[PDB]
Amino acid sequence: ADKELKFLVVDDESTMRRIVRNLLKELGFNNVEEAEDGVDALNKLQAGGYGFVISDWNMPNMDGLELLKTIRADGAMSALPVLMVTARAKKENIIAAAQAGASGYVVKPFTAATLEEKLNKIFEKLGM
């Protein structure tokens, strides 16, 4: 994919955001911003320019399922890639997110290779 693709990394834990951002850099992606919950995320997304969202689920203010659903329902950003990265491991969680339009889904804890693999799976599906 285009190495100037702008990512929004959303998680209420700064340690996780740091992990994801550093994995993105290793993969060649340096245009990366962070948000701390779904409301902060939507503020940055409204600010413009984003091409990919990586998001947690359990966050205050707006959780990642609501964030995903808001994005998919919004005409200005309905096809924006959203990769879920969450400790929610139950099949019903995965179903709710998949059905809500998740581009992909990774369960914490996760390896570097898994994130890379699932990002590349989304790129290939979208022809990025």
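Numbers follow the displayed sequence, beginning with 1.
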- On mean C-alpha B-factor from the PDB entry, just flag whether 39-47 or 93-101 is the higher one. 39-47
- Item | Of 24-32 and 65-73, the one with larger mean CA B-factor | 24-32
- Query: C-alpha B factor of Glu117, ranked within the chain: lowest, middle or highest third?
  - Reply: highest
- Third of the chain, ranked by Cα B-factor, where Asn58 sits: middle
